[PDB]
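Contents: one structure, followed by commentary.
Just so you know, all these numbers are worked out from the coordinates, no wet-lab data involved. Virtual Cβ from ideal backbone geometry, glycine too; neighbours counted across all protein chains shown.
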Amino acid sequence: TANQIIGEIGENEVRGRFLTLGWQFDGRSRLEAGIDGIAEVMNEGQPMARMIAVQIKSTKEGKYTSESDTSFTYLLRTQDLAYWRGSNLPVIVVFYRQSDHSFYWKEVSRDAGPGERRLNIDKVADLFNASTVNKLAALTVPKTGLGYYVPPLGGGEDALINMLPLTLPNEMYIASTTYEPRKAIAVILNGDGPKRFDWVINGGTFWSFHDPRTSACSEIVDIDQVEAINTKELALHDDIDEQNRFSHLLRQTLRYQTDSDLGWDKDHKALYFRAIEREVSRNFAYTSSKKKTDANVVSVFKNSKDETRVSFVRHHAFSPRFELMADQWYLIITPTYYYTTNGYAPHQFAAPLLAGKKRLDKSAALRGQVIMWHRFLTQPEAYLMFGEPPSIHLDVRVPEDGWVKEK
Amino acid sequence: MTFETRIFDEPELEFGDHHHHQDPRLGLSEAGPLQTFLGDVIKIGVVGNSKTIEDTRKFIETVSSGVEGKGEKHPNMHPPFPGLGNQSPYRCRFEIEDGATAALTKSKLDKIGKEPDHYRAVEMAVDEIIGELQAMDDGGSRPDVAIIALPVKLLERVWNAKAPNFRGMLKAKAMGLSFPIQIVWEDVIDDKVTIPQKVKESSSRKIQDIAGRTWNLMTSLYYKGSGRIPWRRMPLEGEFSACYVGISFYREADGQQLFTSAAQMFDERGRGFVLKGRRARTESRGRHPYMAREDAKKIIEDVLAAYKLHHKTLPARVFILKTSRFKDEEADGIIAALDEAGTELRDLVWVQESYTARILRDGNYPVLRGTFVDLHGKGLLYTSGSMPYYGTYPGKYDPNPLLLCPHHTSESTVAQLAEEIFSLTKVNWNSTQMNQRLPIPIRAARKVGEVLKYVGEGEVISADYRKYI
RNA sequence: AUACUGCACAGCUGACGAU
DNA sequence: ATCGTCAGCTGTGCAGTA
Ligand SMILES: [Mg+2]
């Protein structure tokens, strides 16, 4: 016939779809009439003898019963529920649509008093895949009995580390000079030109990377003892105190660079940036590659009891630490919040709402926060540009696809 | 730069009849403890009020027959407690004897309640409790472990509403009795009562439901009373002989003095796992967390002598864990004190709990337990995380992972040592929880230091670990 | 004080720099 | 004897872990 040939196609091809993973499938004899070949779980090719009975059916082509782009239903017979009873192994049923080579399955846990039969397949979340197999594979373990569990089943994932590859300038300038830093700030504060700080006065020496003569730093460097040196020769030291001096140079270097909007930060967390009139941003345009999305970078939330006054204003912040990585300097980013009264004083109470936000939070918002917070950071003397955080490949995959979301 | 990563399987622990399981509760339920008890009864004593003695008896008779856990969402996270009857996990009975019925007097609690000097209230309360316990130990009614469950009335006039502690000097004084003690706040034994907290006096403490407290307290009582260990980490086939030492730090009950701490464990011949402390106090030299030379040398001499006394042979490998920086001030002393005794292998790992960088993955869940990344020598290891067994994440935020910094004198690679301490984290005899984060020698040394913080000079310390958890 | 994790705050030790 | 940068150490506390 025709549909018999379609069915004998479908059983072999769903055998292959089971065979694309470690999910060894076996056939059945001729006279059964109600259950087909049986699937056995193996992790990484190693068996542990967990069984699932599978029943095959297949069509050729066309729109199914009430078929949509996300869901489609089906009808089931009446005399098969006795064998579809939730026996020692669950009876997963599968259907084939040949046109897009789709193998549909829906969960069969246990029939009960309703006896609704039928089937309620959806297109996206109930298809044969290598991504949602743990939810597929967590069926034979019953609710009763403890100690039974199934490990993660194959697959992989690429995670990332919150790090910034910075692009440092090639050269910087060393200058031996007078005007000790308290006198230096006392003479540089009353200025209207480029009184910009990117130096450390240590042992009466300047160690700047921008031109000291061609700015408002002319009086500190004077008119002589100005030279240039490449950064690579003096980057490596045997003295850890000198490495701490270079870290001081790096921090004061960025203190120029990250003084973009409202920097010049007093705590160990930098980036106090904000707005001027409404104290909101609604910014950091993350264009991505399929759509752009915006998030409340600077947030204003009114108190519950009184609504006409702004309770607290929210900003974002991070703490750099300047760890070199085998003669290579990266910036370590540690995100944190910044509740503020109006922009200049710490808030009276804002801790239990941050803890409440963290209580309903996940780690999904953290990673998304880091990527949107670097999408702005990639964009005169300051380069103000940064690279891309590295990504790593995990041997195992988290079984969250087989679990329910937290709250 | 591309960073290599590693995933370690969840370790399995030893139990009775050569069993191996990764869950202490299930490992006790299927197999029983690693060492059984020749006797069949464990005697319990109660100190406190008459109502507290009553509800302690009610707690024992309530959990004797078995009490179920919590909701059905995570059956592997809250297993039922099968009681102390025919199918006991410990295979022993737990009885309260009639001679240990220490009831306090309301006149004394009115007396101490007076708070002219808060310090003398704590001292005289603890001295009277320890005197009564000593009077109980003298007679022919010696218990095995004493529940000294405090009442709300005494504690609220000594801890919150008045600043010394209670547990510290209390266990510092309960040191000559031939049985340990266990403090039980009144909420554990009676769940109807609600005890308010100190600072947020409107708010109050929240606890577990019934059976998790039952599991933890029953395991603690069994280990304290019998002295036979419930479980130990399974040794690997064809592995060398090893010895684990840990070093922690503390500050005394004064302004500017730091006194350090240590702990030690190894294995026995047949089936066992010792875990002790030291009988000698540690003095102070400065305020940085440092070790000098003679302190580290005598620590190594003590641990090697205690191994040699038990196994009749020196160990082949020494594993040391610290908390502050492994510098050359004490590493020379450690290495010299090892090479005078001929031990070949040597590992020295600084543990950092103070980092500033994490690892970010797709989805709403963080990385699993035991995820390893190698930062060119640094060994960043997530000793907590999601669970394929508990089925969820037991927490709120991203966990702070351990940072392994092996000393350059160490022998093994950074990936083997992290797997070793990953096996070592779950040897906490305080509770049956799986999500341990710090390793057990650092935890034990922290407990020893917290007890020794308030010990008066000239008092003999006990190496028995039952007086510490 | 039946355990454990995260937030928030305050203090002290060794190599750094000044009026 | 304080002060930014530095990296880290301990002390003493409050939610609930799905
Ligand atoms: Mg305890």
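Can you compute the modelled spin-label distance between B:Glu68 and A:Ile38, with each label point 7 Å from Cα toward Cβ, in nm?
Between B:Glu68 and A:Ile38, the label points sit 3.3 nm apart.
Mind listing the phi-derived Karplus ³J(HN,Hα) values for segment A:178-185, rounded to whole Hz, using 6.51, -1.76 and 1.60 with θ = phi - 60°, and x for any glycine or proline?
Karplus-based 3J(HN,Hα) across segment A:178-185 equals 8, 6, 3, x, 5, 5, 5, 6 Hz.
Please state, as a whole number in µm²/s, the translational diffusion coefficient that the Stokes-Einstein equation yields for segment A:1-159 at 37 °C and 0.692 mPa s, with Rh defined as the Kirkwood radius across alpha carbon pairs. Intermediate results must be reported in sequence, preceding the final value.
Numbers: Rh = 16.9 Å.
This corresponds to a translational diffusion coefficient of 195 µm²/s.
Go from 0 up to the bin containing the longest alpha carbon distance in segment B:357-435, width 5 Å each, and give me the % of pairs per bin.
3, 14, 23, 23, 19, 11, 5, 2, 0
Treating the Cα atoms of segment A:168-325 as identical point scatterers in vacuum, please give the log10 of the normalised Debye intensity I(q)/I(0) at q = 0.10 Å⁻¹, two decimals.
Reported log10 I(q)/I(0), two decimals: -0.54.
Report the extension gain between A:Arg117 and A:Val141 in nm, rounded to one decimal, defined as 0.36 nm multiplied by the number of residues separating them, less their alpha carbon distance. Before the final figure, lay out each step's value.
Details: separation 24, 0.36 × 24 = 8.64 nm, distance 2.29 nm.
Length gained between A:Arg117 and A:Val141: 6.3 nm.
List every residue whose amide H lies under 5 Å from the amide H of A:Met325, counting only residues 5 or more places away in sequence or on a different chain, with H placed 1.01 Å from N in the peptide plane.
A:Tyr330
Would you mind giving the average projected area, over all directions, of the Cα convex hull of segment B:1-141 in nm² with one decimal?
Working: hull surface 67.2 nm².
The orientation-averaged projected area of the Cα hull of segment B:1-141 comes to 16.8 nm².
Specify whether the C-alpha gyration tensor of segment B:82-207 places it in the rounded, prolate or oblate class, a ≥ b ≥ c being the square roots of the eigenvalues: rounded for a/c under 1.5, otherwise prolate if a/b is larger than b/c and oblate if not. Walk me through the intermediate numbers first.
Working: a/c = 2.25, a/b = 1.29, b/c = 1.73.
Here segment B:82-207 falls in the oblate category.
Sort A:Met325, A:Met163 by Cβ crowding within 10 Å, fewest neighbours at the top.
A:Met325, A:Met163
Write down Rg/Rh for segment B:73-124, rounded to two decimals, with Rg from the C-alpha atoms and Rh from the Kirkwood relation over Cα pairs. Don't jump to the answer; show the numbers that get you there.
Numbers: Rg = 21.1 Å, Rh = 16.0 Å.
With Rg and the Kirkwood Rh in hand, the quotient comes to 1.32.
Run the numbers for A:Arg282 and A:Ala365: contour at 0.36 nm per residue of separation, minus the present Cα-Cα distance, in nm. Walk me through the numbers on the way to the answer.
Details: separation 83, 0.36 × 83 = 29.88 nm, distance 1.67 nm.
Here the segment from A:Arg282 to A:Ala365 would lengthen by 28.2 nm.
Which FRET efficiency value, to the nearest 0.05, do you get for A:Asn230 and B:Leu345 by plugging their Cβ-Cβ distance into 1/(1 + (r/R0)^6) with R0 = 60 Å? Numbers along the way, then the final one.
Numbers: r = 45 Å, r/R0 = 0.75.
According to the calculation, E is roughly 0.85.
Measuring from label point to label point, each 7 Å out along Cα→Cβ, what is the A:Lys407 to A:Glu157 span in nm?
Label at A:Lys407, label at A:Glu157, 2.3 nm between them.
Mind jotting down the distance between the C-alpha centroids of segment A:227-245 and segment B:396-469, whole Å?
39 Å
Rounded to the nearest 20 Debye, what is the dipole magnitude of the protein assembly as shown about its Cα centre when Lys and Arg each give +1 and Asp and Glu each give -1 at the C-beta? Each step should come with its number before you reach the end.
Values: 113 positive and 116 negative charges, 555 e Å.
Here the protein assembly as shown has a charge dipole of around 2660 debye.
Per the helix-only calculation at 222 nm, which mean residue ellipticity applies to the protein assembly as shown, given -39500 (n - 2.57) for every DSSP H run of n ≥ 4 and division by its residues, nearest 500 deg cm²/dmol? List each step's numbers first, then the result.
Values: 19 runs with 213 residues, N = 876.
The per-residue figure over the protein assembly as shown is -7500 deg cm²/dmol.
Show me, for segment B:393-407, the HN-Hα J-couplings you get by feeding each phi into the Karplus relation (A = 6.51, B = -1.76, C = 1.60, θ = phi - 60°), rounded to Hz, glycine and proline as x.
Values per residue, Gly and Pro as x: 9, x, x, 10, 10, 5, x, 7, x, 6, 10, 7, 10, x, 5 Hz.
I need the Debye-formula profile for segment A:120-250: one equal scatterer per C-alpha, no solvent, reported as log10 I(q)/I(0) at q = 0.10, 0.15, 0.18 1/Å, two decimals.
-0.54, -0.85, -1.09
Output needed for segment B:324-455: three equivalent-ellipsoid semi-axes, defined as square roots of 5 times the C-alpha gyration tensor eigenvalues, in descending order, whole Å.
Values: eigenvalues 166, 76, 37 Å².
Semi-axes from the Cα gyration tensor: 29, 19, 14 Å.
Just rank B:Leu104, A:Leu76, fewest to most, by other beta-carbon atoms within 10 angstrom. Please report the intermediate quantities before stating the final value.
Numbers: B:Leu104 22, A:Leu76 12.
The most exposed by this proxy come first: A:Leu76, B:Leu104.
So how strong a dipole does chain A carry about its Cα centre when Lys and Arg Cβ are +1 and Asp and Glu Cβ are -1, to the nearest 20 debye?
Working: 49 positive and 52 negative charges, 440 e Å.
Roughly 2120 debye for chain A.
Under a crude label model (7 Å from the Cα following the beta-carbon direction), how far is B:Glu132 from B:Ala415 in nanometres?
5.9 nm
Search the structure for amide H atoms under 5 Å from the amide H of A:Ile392, placed 1.01 Å from N in the peptide plane, and list their residues when 5 or more places away or on another chain.
Distant-sequence amide H within range of A:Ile392: A:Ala159, A:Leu160.
Can you give the translational diffusion coefficient of chain A in µm²/s, computed by Stokes-Einstein from the Kirkwood radius over Cα pairs at 10 °C and 1.306 mPa s?
Working: Rh = 27.7 Å.
D = 57 µm²/s.
Could you state the orientation-averaged shadow area of the convex hull built on the Cα atoms of segment A:1-68, in nm² to one decimal? Walk me through the numbers on the way to the answer.
Working: hull surface 25.1 nm².
It is 6.3 nm².
Mind giving me the FRET efficiency for A:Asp261 and A:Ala326? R0 is 35 Å, r the Cβ-Cβ distance, nearest 0.05 is fine. Please list the in-between numbers first.
On the way: r = 34 Å, r/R0 = 0.97.
For A:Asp261 and A:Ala326, the calculated efficiency is 0.55.
For segment B:240-335, which GluC sites (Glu not before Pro) are both in a DSSP coil and crowded by at most 10 other Cβ atoms within 10 Å?
Details: sites: B:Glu252, B:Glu268, B:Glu283, B:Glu294, B:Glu301, B:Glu329, B:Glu330; in loops: B:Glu252, B:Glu268, B:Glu283.
Loop-located and lightly packed - B:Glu283.
Please give the Cα centre distance for segment A:290-320 versus segment B:9-57, rounded to the nearest Å.
So the separation of the two Cα centres works out to 51 Å.
Could you size up the charge dipole of segment A:1-129 around its Cα centre, putting +1 on the beta carbon of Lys and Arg and -1 on that of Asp and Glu, and report it in debye to the nearest 20?
Numbers: 16 positive and 18 negative charges, 58 e Å.
Once rounded to the nearest 20, the dipole reads 280 debye.
Order of A:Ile6, B:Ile53, A:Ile276, B:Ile147 from fewest to most other C-beta atoms within 10 Å? Intermediate results must be reported in sequence, preceding the final value.
Numbers: A:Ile6 16, B:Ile53 22, A:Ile276 8, B:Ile147 27.
Fewest-to-most ranking of A:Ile6, B:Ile53, A:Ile276, B:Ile147: A:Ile276, A:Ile6, B:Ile53, B:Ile147.
Name the residues whose placed amide hydrogens come within less than 5 Å of the amide hydrogen of B:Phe94, ignoring near sequence neighbours (fewer than 5 apart) on the same chain.
Here the answer is B:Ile42, since their amide H atoms fall under 5 Å of that of B:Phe94.
Quick one: Kirkwood hydrodynamic radius for segment B:399-469, alpha-carbon pairs, angstrom, one decimal? Before the final figure, lay out each step's value.
Values: mean 1/r = 0.0689 Å⁻¹.
Roughly 14.5 Å, rounded to one decimal.
Within the protein assembly as shown, what percent of beta bridges assigned by DSSP are antiparallel, to the nearest 5? Don't jump to the answer; show the numbers that get you there.
Working: 73 of 103 bridges.
Percentage antiparallel, nearest 5: 70.
Select from segment A:259-301 those chymotrypsin sites (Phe, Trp or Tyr not before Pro) which occupy a DSSP coil region and have at most 15 other Cβ atoms within 10 Å, ordered by residue number.
Details: sites: A:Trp264, A:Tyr272, A:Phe273, A:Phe284, A:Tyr286, A:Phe301; in loops: A:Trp264, A:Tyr272, A:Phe273.
Counting only loop positions with at most 15 other Cβ atoms within 10 Å, the chymotrypsin sites (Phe, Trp or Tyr not before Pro) in segment A:259-301 are A:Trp264.
Please give the average number of partner chain Cβ atoms lying within 10 Å of the Cβ of each residue in B:385-391, rounded to a whole number. Before the final figure, lay out the partial values.
Details: counts 1, 5, 2, 10, 4, 1, 6.
Per residue, the average neighbour count from other chains is 4.
Take every Cα-Cα pair in chain B and report what % of them are more than 37 Å apart.
Numbers: 33554 of 109746 pairs.
Beyond 37 Å sits 31 percent of the P(r) for chain B.
Could you give the radius of gyration (one decimal) and Dmax (whole number) of the Cα atoms in segment A:175-216, in Å?
Taking only Cα atoms of segment A:175-216, I get Rg and Dmax of 10.0, 28 Å.
Could you tell me what % of all Cα pairs in segment B:163-232 have separations over 18 Å? Before the final figure, lay out the partial values.
On the way: 1381 of 2415 pairs.
For segment B:163-232, the share of Cα pairs beyond 18 Å comes to 57 percent.
Could you give me D for the protein assembly as shown, from Stokes-Einstein at 20 °C and 1.002 mPa s, where the hydrodynamic radius is the Kirkwood radius over C-alpha pairs? Units µm² s⁻¹, please.
Working: Rh = 32.7 Å.
So the translational diffusion coefficient is about 66 µm²/s.
Between Rg and the Kirkwood Rh of segment A:127-174, both from Cα atoms, what is the Rg to Rh ratio? Let's see the in-between values first.
Working: Rg = 23.4 Å, Rh = 16.0 Å.
Rounded to two decimals, Rg/Rh equals 1.47.
Quick one: Karplus J couplings for segment B:171-187, per residue in order, coefficients 6.51, -1.76, 1.60, θ = phi - 60°, nearest Hz, x for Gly and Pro?
Values per residue, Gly and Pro as x: 6, 5, 8, 7, 10, x, 6, 8, 5, x, 10, 9, 7, 10, 5, 5, 5 Hz.
Grab every C-alpha pair in segment A:292-407, bin the distances at 10 angstrom width from 0 up to the longest one, and report whole percents.
9, 30, 32, 21, 7, 1
Could you point to the residue in B:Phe273, B:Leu217, B:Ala242 farthest towards the positive end of segment B:182-288's charge dipole, with +1 and -1 charges on the Cβ of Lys/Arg and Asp/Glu respectively?
B:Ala242
For segment B:197-327, what are Rg and Dmax over the alpha carbons, in angstrom?
In Å, with Rg to one decimal and Dmax whole: 19.4, 60.
Per residue, what volume in Å³ does the Cα convex hull of segment A:178-260 take up? Can you show the working numbers first?
On the way: hull volume 8.8 nm³, N = 83.
So the per-residue Cα hull volume is 106 Å³.
Taking the alpha-carbon centroid of each part, what is the distance from segment A:322-378 to segment B:153-227 in angstrom?
Taking the Cα centre of segment B:153-227 as reference, the centre of segment A:322-378 is 38 Å away.
When you look at the Cβ of every residue in A:386-394, what mean number of other chain Cβ atoms sits within 10 Å? Please list the in-between numbers first.
On the way: counts 0, 0, 0, 1, 3, 3, 8, 4, 9.
The mean count of partner-chain Cβ atoms within 10 Å per residue comes to 3.
For the charge dipole of the protein assembly as shown, defined by +1 on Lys and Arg C-beta atoms and -1 on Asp and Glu C-beta atoms about the Cα centroid, which residue among A:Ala364, A:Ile185, B:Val126 has the Cα displaced farthest towards the positive pole?
The one lying farthest along the dipole's positive direction is B:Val126.
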